[PDB]
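Overview (structure and organization)
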Amino acid sequence: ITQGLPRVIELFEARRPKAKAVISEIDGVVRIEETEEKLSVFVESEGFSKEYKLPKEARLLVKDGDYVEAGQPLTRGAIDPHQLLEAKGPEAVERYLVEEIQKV
Amino acid sequence: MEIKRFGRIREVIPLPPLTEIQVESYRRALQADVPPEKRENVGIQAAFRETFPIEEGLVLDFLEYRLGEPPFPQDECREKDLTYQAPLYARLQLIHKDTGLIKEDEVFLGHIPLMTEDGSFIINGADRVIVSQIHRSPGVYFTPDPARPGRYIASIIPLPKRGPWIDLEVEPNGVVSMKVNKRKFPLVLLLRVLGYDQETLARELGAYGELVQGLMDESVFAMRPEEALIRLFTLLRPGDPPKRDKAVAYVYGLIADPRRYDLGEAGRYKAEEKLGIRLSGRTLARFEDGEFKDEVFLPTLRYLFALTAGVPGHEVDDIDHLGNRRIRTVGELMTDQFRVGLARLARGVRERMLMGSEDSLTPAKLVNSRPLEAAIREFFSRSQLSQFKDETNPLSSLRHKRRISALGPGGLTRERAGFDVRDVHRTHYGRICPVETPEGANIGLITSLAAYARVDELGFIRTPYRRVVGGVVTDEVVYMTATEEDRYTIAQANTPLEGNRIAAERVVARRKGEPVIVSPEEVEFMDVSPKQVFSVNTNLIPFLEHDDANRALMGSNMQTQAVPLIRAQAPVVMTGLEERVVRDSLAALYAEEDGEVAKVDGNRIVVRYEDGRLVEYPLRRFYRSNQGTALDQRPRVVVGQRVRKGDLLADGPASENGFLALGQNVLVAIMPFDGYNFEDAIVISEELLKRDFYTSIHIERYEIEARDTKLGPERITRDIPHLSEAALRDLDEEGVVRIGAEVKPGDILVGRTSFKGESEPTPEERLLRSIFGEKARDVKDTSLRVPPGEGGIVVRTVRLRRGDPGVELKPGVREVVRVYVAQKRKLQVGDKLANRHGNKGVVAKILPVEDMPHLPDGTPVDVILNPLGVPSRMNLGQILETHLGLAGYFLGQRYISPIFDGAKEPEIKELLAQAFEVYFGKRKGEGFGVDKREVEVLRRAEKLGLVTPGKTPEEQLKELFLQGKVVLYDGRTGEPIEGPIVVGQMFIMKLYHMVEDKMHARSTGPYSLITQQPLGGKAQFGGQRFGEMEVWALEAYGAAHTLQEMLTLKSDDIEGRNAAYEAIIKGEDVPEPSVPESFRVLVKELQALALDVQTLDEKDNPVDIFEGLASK
Amino acid sequence: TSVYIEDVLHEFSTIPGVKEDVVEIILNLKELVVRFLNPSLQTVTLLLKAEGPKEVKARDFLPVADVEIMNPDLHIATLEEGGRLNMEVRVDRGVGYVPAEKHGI
Amino acid sequence: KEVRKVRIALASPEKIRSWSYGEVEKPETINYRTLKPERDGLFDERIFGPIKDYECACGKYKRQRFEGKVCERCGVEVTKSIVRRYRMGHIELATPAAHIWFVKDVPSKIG
Amino acid sequence: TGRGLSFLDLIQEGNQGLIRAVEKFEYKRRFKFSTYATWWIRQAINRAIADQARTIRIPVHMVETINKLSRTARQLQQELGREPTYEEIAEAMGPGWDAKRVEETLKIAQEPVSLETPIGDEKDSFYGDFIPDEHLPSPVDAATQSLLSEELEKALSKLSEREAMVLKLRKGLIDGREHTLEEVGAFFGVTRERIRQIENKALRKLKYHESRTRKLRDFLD
Amino acid sequence: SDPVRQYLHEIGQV
Amino acid sequence: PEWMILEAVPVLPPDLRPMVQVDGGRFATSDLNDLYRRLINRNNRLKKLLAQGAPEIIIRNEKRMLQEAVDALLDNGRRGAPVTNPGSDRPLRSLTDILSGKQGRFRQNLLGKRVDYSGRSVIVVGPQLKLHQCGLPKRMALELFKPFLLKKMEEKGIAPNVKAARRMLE
DNA sequence: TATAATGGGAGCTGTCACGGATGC
DNA sequence: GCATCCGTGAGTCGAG
Ligand SMILES: [Mg+2]
Ligand SMILES: [Zn+2]
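Residues numbered from 1 in each chain as written, not as in the entry; some residues may be left out. Chains lettered and ligands numbered in written order. Part of a larger assembly, values for the part shown. Heavy atoms only, no water. Residues with missing side-chain atoms left out of burial classes, pairs and counts.

The record names X-ray crystallography as the way this model was obtained, at a resolution of 3.1200 Å.

Under the annotation held in the PDB entry, chain G carries the name DNA-directed RNA polymerase subunit beta' and is attributed to Thermus thermophilus.

The PDB entry annotates chain C as DNA-directed RNA polymerase subunit alpha of Thermus thermophilus.

With respect to the overall build of chain C
For the record, the criterion: A run of H or I in DSSP counts as a helix once it spans at least four residues, and a run of E counts as a strand once it spans at least two, with each numbered from the N terminus. Radius of gyration here uses only the C-alpha atoms, and the compact-globule reference equals 2.2 Å multiplied by the residue count raised to the power 0.38. To sort residues, take the accessible area from a 1.4 Å probe on protein chains only and compare it with the maximum for the residue type: under 20% means buried, over 50% means exposed, and anything in between is partly exposed. In what follows, a contact means two residues having at least one pair of non-hydrogen atoms within 4.5 Å. In this description, accessible areas are obtained by the Shrake-Rupley approach with a 1.4 Å probe, and a residue is regarded as covered only by the protein chains that are shown. Only four residue types enter the charge count: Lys and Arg as positive, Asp and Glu as negative, with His and the chain ends excluded. Charged side chains are reduced to one point each, which is NZ for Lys, CZ for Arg, CG for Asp and CD for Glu.
Looking only at helices and strands, chain C features two helices and seven strands. From first element to last, N terminus to C terminus, chain C shows the α and β order β-α-β-β-β-β-β-β-α. Compactness check: chain C gives a C-alpha radius of gyration of 14 Å against a globular reference of 13 Å for 105 residues, within 12% of the reference. Its C-alpha atoms give chain C principal-axis dimensions of about 40 × 30 × 20 Å. Of all 105 residues assigned to chain C, the portion counted as buried reaches 41%. Considering only residue pairs separated by 6 or more positions, chain C has 67% of its internal contacts joining residues 24 or more positions apart. Total accessible area on chain C stands at roughly 6,000 Å², and carbon and sulfur atoms take up 51% of it. Separation of charge centres in chain C, based on 11 positive and 18 negative side chains, amounts to 5 Å.

A short note on the interface of chain B and chain D
Quick reminder of the rule: Using a 1.4 Å probe, buried area is obtained as the accessible area two parts lose upon being combined, added over both of them. Salt-bridge detection follows one rule: a side-chain nitrogen of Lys or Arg within 4 Å of a carboxyl oxygen of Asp or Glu.
With 31 residues of chain B at the interface, the matching set in chain D holds 34 residues. Of the roughly 2,800 Å² buried at the junction of chain B and chain D (both faces included), carbon and sulfur atoms supply 56%. Sorting the residues of chain B by area buried against chain D places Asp1092(B), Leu1109(B) and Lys1112(B) first, and these three jointly supply 23% of that buried surface. Between chain B and chain D we count four salt bridges in total.

Looking at the sheet that holds strand β3 (residues 49–54) of chain A
Residues and elements named next belong to chain A. Condition: Strand pairing is defined by DSSP finding a minimum of two bridges between the two strands.
Strand order across the open sheet formed by four strands is β3-β2-β1-β4, with antiparallel pairing between neighbours. If you trace the sheet from one side to the other, it starts and ends with β3 and β4 (67–68), each paired once. Across two bridges, the pairing between strand β1 (residues 28–34) and β4 is antiparallel. In the sheet register, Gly-28 faces β4, and the bridge partner there is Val-68.

Some details on the pairing of strand β32 (residues 604–609) of chain B
Regular strands place their side chains on alternate faces of the sheet. Residues and elements named next belong to chain B. Extensive coverage of β32 is indicated by the burial of five of its six residues. In this antiparallel pair of consecutive strands, strand β31 (residues 595–600) and β32, the connection spans three residues. The pairing of β32 with strand β33 (residues 614–618) spans five bridges and is antiparallel. The residue bridging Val-606 from the neighbouring strand is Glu-616, located in β33. Counting the residues in the hairpin turn of β32 and β33 gives four residues, including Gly-612, whose phi is positive at 75 degrees.

Have a look at this one:
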């Protein structure tokens, strides 16, 4: 049960995946806010706060109250390489692309 | 020999006529035997009735048509490069409305090609087959909207090129939109034009919760049908003046015109059954008493809203269901092109009706037949579905006639087909073969008709089943479409039966294709045979249930490629279908009635029948097929023989006593052999060539034209300049090679001289002329010689000349000469062999008989197959075939093993025991004990757990023989093979891919016009293509000089290639190349785009690669 | 090693009044077994001439001194009313297997 | 000299006319009877070059001794016929016309 | 439409005809303008169809003859139930028309076909890709020409430089053209009989060298 | 979009 | 910038758009000739309609048709309907179509070519060969090395010269 | 060269997935 | 900031 050559192409073309993972734009601590209807995740810095609203059934890669890196995945899914480039920088994208192609 | 057969299934019905999909379709289309008054409104009669009458004043009407006899028989058409066709006349009458004068006449419309008895055509002297097309049946469909999960798209689809696809959608804003010719507009407007009012729509669609409210538009009901009609016309035709009669005309032609819009009779029936309504005609609305009246739109909108709400009984449609996919056979495709040609003829008719003397106009003066002739000729000559007939062997023609394509005009485009069109649907069961399909790009797009399958009058494939009442299997058989089939619980054809009663308490059946265990009380129908699931080729694979489908695919497809052998044999393990294939293909000749044979010849067979009449059958002898394989019938009866109805009189090509004979039955050992069978290569015994096994006759046609030129006539002659008697030895007086001569590469087949071009002799020519004192002759040698690597024995010469009787050639040519050269090909290293289970390989080694592994009694094997080809490919049927062939080799008999009613292992074991009796008791009676090498091999086999310890040598040899294994001695050493090897008789075919046809090489040759690069193909003595990927190879190696040499010296550097050839013949190293010509072509073609391309040096100063020849 | 038949130009022909083609006739002639009694004898040309309804076998060859046909029951042709066969077959000494394309005799 | 770079740039109407060896005035290819190139047509030897090597259309000068000589009767230069692959012609338009490459390739450069 | 010209092309040619009709109309005749305009409009449309439709241009009278031949063959086939032979067409055309003339008229009317005409189902091949280039010499031809020049110089060195030079001037090896005896004699300063005599003796020595060494025989084809 | 439609409109003005 | 508008349309050298006589004596020709002919017919008719002072609607139609002629010549099917020869749905092959695509100039004749001294045949296992070896048929190798063979035949006595050796191998 | 004649006719079909300029 | 329309692509050699 693998993604295969379509995944390889999705990577070599730097395309934004269909079922993408939401990543944090900055560092901070995670405060989960889950209504029975809607679900959101807050990444809070010592002076800043960011809010990521996502569908209710999305799987979380993060436990509440955790310190996450800028560009760290919060949801399960394939990272948008351009979001990773903006958040974490070039070396991060190079690592990600190489490892993701090699997985296939 | 004796033919022992297995299987317990009694097939209630025989296979239907295997070419009926072609013959019956064309018969239905032409109605040539139906008297004109009795003809139906279908076929080309339908085309006539749709095109006619023709109005505007003047009126031209259609009365009837008739078809004459072919001006030439099929054979004479094949020889004279003509077309087997019948003249088409149509009785017409011109009527002036005001005058009342009626002039009637029978006009000639050209010719229509006739279908031969076997189901093919003869177009320009070549046999051709019109391949049936598969497509989405017309009608009304409801599919899920992929974007909006709760909404559905309704699609009204007419026949191809018979109207626009109309889509109805529930928009996000609530209003129901209609899309036609890619124009979205609110459906309420059209509903108003149809005469509907808000009262009727409210009482019809109000039951659905607020869905009718998206249909409520007040600005629409505020206007009468005329105002809404002009509104629609303005919405559909921007800029076109919104005239009233023009709007009525356009809307009528878009929706209600039966001569422009046409669902199928299938589309009519399907829309009737789906929407639960009735249809007066094959259109969406009608024009009655000056207004429009609805037929389809309101039922479709009602069904759409009911499906959107979720009311029961309304379901989305599977567009890959074989109840929604239909087949366009020869009749339908030919009739479509006929209708198009007729429409063009009618346009010309109206054109001539506007002009000319209005009083004196016969139908002949009005009808220009040429557009219809052109449409028909274009269809039969250059259609994607009009394919060169595959007559490699009888089965080739049969399978070709049973093909089904999704490609072609009106079908799907390449790369436009996804997984869905290519998947095998659950409804393909018994209709389309699940295994016979190409590998590669066309997979799932080209398929084959199942053996028991039939195409009904509406074009859907039907399969037969047997009625089951109260657990009793009747002999009544019912043909069903997939729609009908889904209604019933249908048991498998292998359910146990005592008499006609189901014997098992639990029965395996299908409900809507899903497998289920069910009671005999629950069984409604039952399969006719396992044979009905597969194609004809697939039904020729014994032990099919033991072969993986991916390799059964290859085994099926490759029987099409079997070459007719001079000593062809039917397989020793058959499926019970090898006789019907010979019969229905019309290859072999049979007895029309009971009678006695009067005369038997190599050329004819004369029979006296019960009527006392003397019927003479000529035998086709050494005729060249489309692929060059010899089609000759050979007589199988003798003088004075009594024959009943249907008895064999002559064996067709690749036929042995009426059984399909595609190859040889050879003795095979399954073992590696010193790497000569490595990776599917095959080792064969030279003995096979000694007795001419896998030897085949092939005939090649060569052609030459002598034409008139502005420089004088070309002429065929024995007088060819500068050639000795050694060159002209086998040439006759006229200049043609003699019948029976042996021609090798370079030999002249037909001498021919041509007047030279206007010759300005270079000064060297003048000086050498003066030195040798010989006038430069006026003509030059253009004789047709033998291509490289071809040749044989001249068997025919045909010569046609202008000014001779019955002969008229294309304008300019004086004469045409054809030379038919035959060659007898033995099997050689590089030819291709295969078995019916997908084991294909190339002959890599032909050992002398003494090197061959042999049996203890000195019998050597024929071919050594490598066992490593078995496990990964999972095609075990060849193993069981080898076992049963060993048994039938020593018992001297053949077998019939129905595919899934096969011979099981225990019965094969019984036969193998009897064979071992024949194989070993003979030895024990002749006074020979067990050999020492057999003792060593028995020790080895005892270590392998193949034989039980402590049994006698004979007992253990029998134990092995029942496993299909024997002791085998290496022919080079005398020592045995350390293990016991599987030896037995296997059926192997010689395929059309022979190395003789494929080897090719070129030093230099012809180059193309614009690119100055070598031509392509063996026939043109061309060069091999060194594509982009080969360039990448050379780049990755860093072989810069080899690459540059490919790009310049060997392809299109003119100066470079000339200088290189001169250097090599002189003995010097090749010169540094220069600029290739195709880059100059690139530069000039960019200049033609108004783009200045400049080659510069490092000083940015231009460099002229044209060497001044382009600068003024 | 060689065959000539009157009014037959090549191997792919048929003879009127004969059932087998020339290809089958040569296939049957391949099975002819000829014994040379004189050891100095290298080549022999057997002659055959038959007509009318009959089944020409290897016996029908005109006998030659120091030449014995070891299989006289070998079938050769099935001649019909009016069928006529007139052959000259050349038989040689040799070793092994030499195909026609190699000796061209 | 050795080529080191390849430049590509727009061609002015003056540049196009500097390329052209003559204006193609008639939409005619070759004579229906002589099978020779028509005058002022798409294949006119007067513009693009001799069809035969070092021979003009009428045949007055047929040898290599005349190289570059332009005939008086037929007006065809005598050089290598290979030049018929290398010599541009042109068409002088009544009204200017837009090069569609610079119109329909989005975003339009002219736009 | 459908006679070889676009709708708009026909419309513009009819516009030319309409301009002619305007400049040639006489209202005094009390005829409406349409009656006179239609004549010139049809005239211009037909002239354009006759003059532009063919890639190889044909004179207008020849096109008229070709269309007459077409109509004649079509009437003959509509009465014969088959395509007519050249002889039946020559019969129906009247006097001066033999079968050879019908054949030559049909040969002259053959239109060219596209080098981009496709071959095959999937468009992998063109019709032009099978046309060999007959004009440009092959490497074998150029090599044979070079070897011929070199062998002729090898044979011309066995002569004295004057007789070799006379042969080269008289056959065209030097400047491309062949000189008269008078010009070679005015160059070497000798009588035309003497220059022709040394030409004969040079040819004779070459004949002897060639009979002896046979080096130039194979180039005679 | 269609040049003959454009021209037929321009013709319909006079 | 004004150079993006054409005054003088260039004409391709005729050999790159041939008009050649095929085997049977008939003629085959490139589509560029028909495109150029369309262009020249429309331009000449425009020059005449101008010289005769035609109305505005007529000159407008002529100029529109002239632009579309140039467009079909340079990139057919790019704007509007593609220009087809009569009696055929096949678009004509413009210059854009000659440059770009799988079959275009770059990919078909410049990044890869058909080549001389090349052959092909069916392969076969041949396990006796050393790793650095392959089995080459005699006739294939004769044709592939033909000039070398002519030279070596001239070196020996097998032929008097190159041309005699070639005629002997024919 | 003269009755008068005054706005066309075929699309046409089961595809993804980018980039990526125009409209809310 | 976000749907939508239009142009552009979609494997190689071989015989046709
Ligand atoms: Mg006459
Ligand atoms: Zn001249």
